[PDB]
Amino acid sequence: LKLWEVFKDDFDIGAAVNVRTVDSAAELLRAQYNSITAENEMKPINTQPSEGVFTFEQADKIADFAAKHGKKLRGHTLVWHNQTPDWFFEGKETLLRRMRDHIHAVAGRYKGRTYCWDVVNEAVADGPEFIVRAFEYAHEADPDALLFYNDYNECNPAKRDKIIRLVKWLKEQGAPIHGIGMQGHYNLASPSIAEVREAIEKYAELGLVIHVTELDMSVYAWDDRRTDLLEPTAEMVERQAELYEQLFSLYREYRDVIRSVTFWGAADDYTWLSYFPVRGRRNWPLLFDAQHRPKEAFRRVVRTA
């Protein structure tokens, strides 16, 4: 049984990949996912290290994998506060010009393969006119791609309201924004199911597509920073499987607005949570274990459909 096929009429089932996991998880990706996202290779510093110098080799590899095996391809990401090259800042108009040049080169290179784009990533703090123009330059570079705003902690009521205020203002300035990206970086302690449902309802009221873009279920609460666990406990697996079952049952309720659910990883053998916030720690946040075998969460999730 294959995850994507189980939910094929509900939403895409995607996985984030890098230049390593696109090879090590090749068989798992070919079978269980129908959508792929480049984890880091399409980010600004990895695509244009200096002005006028573009490095597409690593992102080309991930894009070629998707095209070869008929996988959909999410674009991530065109503009991001945390990882903007230092040369970008070395006048406000020159910044606009460099943003337009970068967007056209990256969105143009993968036009016809990237069907969507996280145009602006994490603009809300845990000026605003730059976000409108980023969407304008993106729609100019690829009029066929769906343009998303992507952010985390999207179910926290404080940050959620800021996100909604930002998107409505963007819509009121004529920005060609088509969807919102719920990053879905959750854990066992937070957020609750009701907090996710309340967020999905308020995000659907804007008339945009909803993508769950980077979903994972950390076993540690953000406070927990222990490093003495090499495998998850039975209750960790059980509570993770229960939350995943309720999450995908909730996603199916909003079938009509959610069009794709992407995990930030393919299997537990590589997850970014193993290096953030605690480096050298182990985490088990996906539906397949370190051997690309289905976990208890997989069994419970497919039974929701």
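One rule holds for the numbers: they count along the sequence shown, beginning at 1.
*Asks:* Per the entry, how many residues of the deposited chain go unmodelled between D144 and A145: none, 1 to 3, 4 to 9, or 10 or more?
*Replies:* Unmodelled stretch: none, continuous chain.
*Asks:* According to the PDB entry, how many deposited residues between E172 and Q173 are absent from the model (none, 1 to 3, 4 to 9, 10 or more)?
*Replies:* Unresolved stretch here: none.
*Asks:* Taking only the CA atoms, which stretch has the higher mean B-factor in the record, 222-230 or 116-124?
*Replies:* Taking the mean B-factor of the alpha carbons in each, 222-230 is higher.
*Asks:* Taking only the CA atoms, which stretch has the higher mean B-factor in the record, 60-68 or 275-283?
*Replies:* On average, C-alpha B-factors are higher across 275-283.
*Asks:* Check the PDB entry and point out which of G91, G184, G75, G108 has the largest C-alpha temperature factor.
*Replies:* Comparing C-alpha B-factors across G91, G184, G75, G108, the maximum falls on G91.
*Asks:* Highest Cα B-factor in the deposition, which of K168, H104, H211, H139?
*Replies:* Out of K168, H104, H211, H139, the record gives the largest C-alpha B-factor to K168.
*Asks:* Should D216 be placed in the lowest, middle or highest third of its chain by the C-alpha B factor in the entry?
*Replies:* Ranked within chain, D216 CA B lands in the lowest tercile.
*Asks:* Report the third (lowest, middle or highest) to which the CA temperature factor of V196 belongs, ranking only the modelled residues of the same chain.
*Replies:* Its C-alpha B-factor, which the entry lists for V196, ranks in the highest third among residues of this chain.
*Asks:* Ranking every modelled residue in this chain by its Cα temperature factor as given in the entry, which third contains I258?
*Replies:* Its C-alpha B-factor, which the entry lists for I258, ranks in the middle third among residues of this chain.
*Asks:* Sort the modelled residues of this chain by their C-alpha B factor and say whether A26 lands in the lowest, middle or highest third.
*Replies:* Highest third of the chain for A26's C-alpha B-factor.
*Asks:* When the modelled residues of the chain are sorted by Cα temperature factor, does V79 land in the lowest, middle or highest third?
*Replies:* For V79, the deposited C-alpha B-factor lands in the lowest third.
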